[PDB]
Amino acid sequence: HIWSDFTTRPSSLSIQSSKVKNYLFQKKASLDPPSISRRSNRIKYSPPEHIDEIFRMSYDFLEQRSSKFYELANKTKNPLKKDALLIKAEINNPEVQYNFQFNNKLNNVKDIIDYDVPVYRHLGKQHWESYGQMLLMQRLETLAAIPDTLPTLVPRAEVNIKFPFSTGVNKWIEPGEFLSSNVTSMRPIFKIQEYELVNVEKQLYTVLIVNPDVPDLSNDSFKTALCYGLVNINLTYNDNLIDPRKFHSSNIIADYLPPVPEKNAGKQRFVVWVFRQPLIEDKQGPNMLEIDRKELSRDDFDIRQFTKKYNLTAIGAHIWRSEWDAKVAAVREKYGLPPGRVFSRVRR
Amino acid sequence: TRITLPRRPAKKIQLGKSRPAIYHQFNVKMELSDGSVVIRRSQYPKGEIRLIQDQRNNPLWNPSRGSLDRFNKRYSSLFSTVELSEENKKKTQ
Amino acid sequence: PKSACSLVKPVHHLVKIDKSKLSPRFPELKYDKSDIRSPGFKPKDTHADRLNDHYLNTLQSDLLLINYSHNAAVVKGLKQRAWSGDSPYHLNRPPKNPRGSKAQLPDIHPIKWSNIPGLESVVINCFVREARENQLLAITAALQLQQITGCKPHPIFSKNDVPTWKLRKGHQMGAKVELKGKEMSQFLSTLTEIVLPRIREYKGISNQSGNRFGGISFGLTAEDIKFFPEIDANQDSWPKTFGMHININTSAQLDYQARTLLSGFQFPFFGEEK
Amino acid sequence: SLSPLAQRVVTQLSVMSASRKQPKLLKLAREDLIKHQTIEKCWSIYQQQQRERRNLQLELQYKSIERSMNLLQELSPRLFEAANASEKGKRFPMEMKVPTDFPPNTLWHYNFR
Amino acid sequence: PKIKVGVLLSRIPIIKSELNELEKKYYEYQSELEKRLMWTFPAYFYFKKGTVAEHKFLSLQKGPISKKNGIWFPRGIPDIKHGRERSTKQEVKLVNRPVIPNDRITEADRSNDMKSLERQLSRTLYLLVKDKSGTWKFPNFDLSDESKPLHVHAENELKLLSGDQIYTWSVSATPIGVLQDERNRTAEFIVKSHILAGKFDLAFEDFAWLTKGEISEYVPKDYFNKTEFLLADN
RNA sequence: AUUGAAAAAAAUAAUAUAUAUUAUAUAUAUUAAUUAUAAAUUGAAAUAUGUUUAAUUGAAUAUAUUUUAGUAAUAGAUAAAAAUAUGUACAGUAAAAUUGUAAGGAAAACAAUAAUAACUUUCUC
């Protein structure tokens, strides 16, 4: 009985609720489901017949399978293979399924869904692929944030942004949203959730928010603008919210300048990109990198060139898009930016 | 001229809400010609049927192994083979 | 409409966007029909299928043994022939159609452990021709079919028009039902045991019957349908009764293999084989 | 309004129809739902295993046949030829019936023809 | 090398295979799920109103509890259509003789008679034979003539052994496998064939009809390994 | 909430209530419904109140109050039978010819008829 053992196995694989666990594992269908909170509703409810004995048999079967997998898993040396074996062992565990399905994945509590555990991480990845990743990809393609900034994306990390400091309200930004200048007045907060097996201690990350749609009247086209640039950030599967708490002033290659779209300049895409650092062998600890702060410019910014220079690989992305409103002038004034231009309504 | 049942407005089955037609079926025991019983699910309400003419008593399915009745009844005293031999001269045809 | 020009734009990523999942319109429809949460849920594997079990145990190995031909290579079918490039008019020319046929024919593979012939599907086509006069006859035929199978029939409509036979276009006329898996197996078992022995001068299925590739068929008269136990048990309820065609579809490469398979399930075969 | 025949047709139609004959939807609790999932998944796995076992067995049989036929070809050509014939019209014997649920009165026939 | 003819006679099962403990329970659950989801029995069709047959059916049945005003129904209000609680599973209780099926276990099975053909009805029995030595094996025959085909020769040999009690059917002319060895420079080509209707009963001392699980016990280990896959598990 | 059975909570989504913000957000509670809709001196069922049989429950029967039966097709995002011919969103592929099959025949309906290298997941030697 491998799934009842918790000597070597993490605590997160168990259900933390006692009542639920008891309901799952009983000898007869006597008890009533903890999910149904109300007495009358519990009374009304009737579970399907014979479900218990069969369930128990299924558990035994899959428990045996897990145990067999574990016999292989411990003998394995290479890490990715071992992780895969672990996943195979525990993915069919009812308790872990319960944990994952019916508790929040975004702000996961460590005791319930631990992303340090490989199985839970795999589940989270699968969930991301099912909806959120596809949506992100659609928003990147439709809005034309990929070819315009950075050729392609192979989504690996789930990136979610927030604007807590400006207004007060709590809301994770859906990709391709129209945010007010009040909302995006102060800086955002990232959460880079990584689902691949990666060296947590060594692996650093960079985060770049880029505005491809600021108008350049000499060229009669647009230019990029690095609105916010962080480097050498340390992520951990559970500890992953990039906040002023975590990153230091040394990490900020270009400190947050807010979206201030001009009147009739149009809708401006702000597409955050998340890259992981190149990992160097034969060097213990996190390998930093120095950025030439005079070389990179904010008013015009070759993202692709920058990536080429520092050998980055874009793992994640997110995007919002701002256009002119009444408060952009106020935002500019607060930041000490100039009055802000006004263009002709007609694109002649 | 054409005999029909004229249609009423159709009931809108919404997408996702369509349910599969699980007809009411009883477990029915068929005893064949011999005593071999077989269970089959059936819509007609009859728990047990016993069959007279099956594959298990048909010569095609096992080669290795009431006018007539009325006639037999009312010509029984005579007992009607020997009778065939008696009444079968094959000269005239 | 400003234009009718259809032109799908290329993309800049290899992620496969399932558009259905991004909507919030049909939440019940996002679940698979196999899933318990879907309204489309049905218990599939309710009891042990008997004919299927028999096939698995006895027949399949025997069939494999029969069909072994030593160092048998693939026999390619009739395909679309390319032109020899002996003229510059061959250069963007469509390929010559197949030799005998207009349509291409499939390759016949050697039978191995993977591709042993087996039952794939049964279809019970009942087109009642008196229903050109009476629509109610089609309904009765459909009911009969349902009774026989334990499966939901689909209505057949008159696809064509013709004056000689008093037939309109778009008129409900009989019904069909594709049986698959366990219900189909049951239906076959009933046919073998109950119904076909009660047919008087029944020699069997013809050996000249069938597709060129793994499909065999035959038909039952209105006299033959009264032997089905669901119809037989209430002869008062069934005054009229309709014949039917029975298309058996196998996973057989050729038709003789399919015939052999059907014989394994106690179907008699009488005629001179091709 | 309607004839007796029309009525009977309507009744027949109703027998087939889902109109006012079907129950409520099968709702489950989350724990119950999980239990169901675990039952189904395990079953599916078991079925797959069984399929592989049977498939493997068939493959093994095929290999054995191949081994036999090569040997036969090597040794006795006539015997090999006899073995490797077209069995086009081969018919399973009508005595090899599909096993019933319960057995007959006379289990086995000792005499024949 | 000497050509020899192996023969294994396969008596096929005459009834359904016995379900596994896991399987049975699962099937019961699926049946109960079906019942829960099943439609109402349309009794109005199968039983005509104002008839003697209907009345008996009605008597057999018990009706559902209807909703009635001014009463608490703590299991929800009754949802009824065609006289069925929609919220629950429906149960419908139903020469003139009761169909009584025969016992699947037999007299032979009870006694453990290995020579009998009626001893296992749900399994595939295989004819085994014991030679002059203590070993068991599938019937071997010397093919000296080599004029006739191999499977036909095997069948003839079996018939000779029987004294024309046996009635066999060769599945094919192709041999299923070979048993070969270096000590005796021979080659036993194994044919497959099916006992249809007869005794065996009889150089060989003793015989038996056994399943795949019992053959392992009887026969040697190497021999079993050679010829395991040829035999059906059920 | 009362009723049955033998401290709590940690998703999505929906519903109810509240408030945050020149942000259709968050918090707490709960998981309803899901193929229905008026009109039935006649069928069927339940419950309540009586009476008789073997304090008791079953069984039978009377009245009252209800509930069911109006029996009608699509069950699938349906896909070349016929039907809403303009919008939008999602998805799919036709035809002919050939081989067959109960009446069926040149001509009614149904079935079948090009290739899987590589890739992902699952089980397995």
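Counting starts from 1 on each chain and follows the sequence as written, independent of the entry's numbering; residues without coordinates are not shown. Lettering for chains starts from A, numbering for ligands starts from 1, and both go in the order in which the items are written. Only a portion of a larger assembly is displayed here, and every value given applies to that displayed portion alone. Each side-chain value is derived from all of the structure's non-hydrogen atoms; neither hydrogens nor water enter the calculation. Residues with missing side-chain atoms are left out of burial classes, side-chain pairs and their counts.

- Header annotation of the entry names cryo-EM as the structure determination method and lists the resolution as 4.97 Å.

### Remarks on the arrangement of the chains
Move 1: Any pair of residues with heavy atoms lying within 4.5 Å of one another is described as a contacting pair. When the nine pairs of chains in contact are compared, the highest contact count belongs to chains D and E.
Move 2: Kept free of each other, chain A and chain B leave a smallest C-alpha distance of 17 Å between them.

### What to know about the packing of helix α3 (residues 51-75) of chain A against helix α1 (residues 21-37) of chain E
Move 1: Where α3(A) contacts α1(E), the two axes come as close as 9 Å, and the packing angle between them is 140°. Relative to α1(E), α3(A) is oriented oblique. α1(E) is crossed by α3(A), and the crossing has left-handed handedness. Contact residues: α3(A) offers A:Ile51, A:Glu53, A:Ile54 and A:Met57, while α1(E) offers E:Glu21, E:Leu22, E:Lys25, E:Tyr26 and E:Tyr29. Note on geometry: axes are C-alpha line fits, over the in-contact stretch for helices, and angles between N-to-C directions span 0 to 180 degrees. Helix numbers and strand numbers start at the N terminus; a helix is a DSSP run of H or I with at least 4 residues, a strand a run of E with at least 2. Working definition: roughly parallel below 35 degrees, roughly antiparallel above 145 degrees, roughly perpendicular at 65 to 115 degrees, and oblique for all remaining angles. Left-handed describes a crossing whose near helix is turned anticlockwise from the far helix by less than a right angle; the clockwise case is right-handed.

### Some details on the pairing of strand β3 (residues 204-210) of chain A
Residue and element names in this part refer to chain A.
Move 1: Within β3, seven of the seven residues are buried, which leaves the element mostly enclosed by the surrounding structure.
Move 2: Residue alternation in β3 divides its side chains into two sets, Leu-204, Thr-206, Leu-208 and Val-210 and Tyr-205, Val-207 and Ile-209, and both sets are buried.
Move 3: For two strands to be treated as a pair, DSSP must find no fewer than two bridges joining them. The sheet contact formed by β3 and strand β6 (residues 226-234) spans six bridges and is antiparallel. By the bridge assignment, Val-210 is partnered in β6 with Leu-226.
Move 4: Sheet topology places β3 next to strand β9 (residues 268-276); six bridges connect them, and they run antiparallel. Within the sheet, the bridge partner assigned to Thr-206 lies in β9 and is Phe-275. Throughout, exposure labels follow a simple rule: accessible area from a 1.4 Å probe, protein chains only, divided by the maximum for the residue type, with under 20% read as buried, over 50% as exposed, and the rest as partly exposed.

### Comments concerning the nonpolar core
It is characteristic of soluble globular proteins that their nonpolar side chains tend to be buried jointly.
Move 1: Core analysis: the biggest nonpolar cluster contains 135 residues, and C:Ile246 and C:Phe267 have the highest contact counts within it.
Move 2: Residues contacting C:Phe267, with those up to four places away along its chain left out, are C:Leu188, C:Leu191, C:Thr192, C:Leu196, C:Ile205, C:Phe218, C:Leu262 and D:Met94.
Move 3: Here, the term nonpolar core denotes a set of buried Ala, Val, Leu, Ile, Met, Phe, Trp, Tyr and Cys residues that are joined through side-chain atoms within 4.5 Å. In terms of nonpolar packing, the next biggest core, distinct from the first, is built from 39 residues, A:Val117, A:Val119, A:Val198 and A:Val274 among them.

### Quick word on the interface of chain E and chain D
Move 1: The partner chain D presents 57 residues to the 74 residues of chain E that form the contact.
Move 2: If you sort the residues of chain E by the area they bury against chain D, E:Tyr26, E:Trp39 and E:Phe229 come out on top, with a joint share of 11%.
Move 3: Salt bridge, as used here: a side-chain nitrogen of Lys or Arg that lies within 4 Å of a carboxyl oxygen of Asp or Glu. Taken together, the connections running from chain E to chain D amount to three salt bridges.
Move 4: Between E:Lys16 and D:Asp101 there is a salt bridge, with its nearest N and O atoms 2.7 Å apart.
Move 5: Pairing of N or O atoms within 3.5 Å defines a polar contact, subject to two protein rules: one partner must be a possible hydrogen donor and the other a possible acceptor, and residues neighboring in sequence count only if both atoms are side-chain atoms. Where chain E packs against chain D, one counts 28 residue pairs in polar contact.
Move 6: For the side of chain E that touches chain D, the elements supplying multiple residues, two or more each, are β1 (2-11), α1, α2 (43-46), α5 (150-162), β5 (168-170), β6 (177-181) and β7 (186-195) of chain E.
Move 7: Ranked by residues supplied to the side of chain E that touches chain D, first place goes to α1(E) with nine residues.
Move 8: Residues that form the side of chain E that touches chain D fall into these classes: 40 nonpolar, 16 polar and 18 charged. Throughout, buried area stands for the accessible area (probe radius 1.4 Å) lost by two parts on being put together, summed over both. Put simply, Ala, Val, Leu, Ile, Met, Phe, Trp, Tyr, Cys and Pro go in the nonpolar bin, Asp, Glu, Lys and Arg in the charged bin, and everything else, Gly too, in the polar bin.

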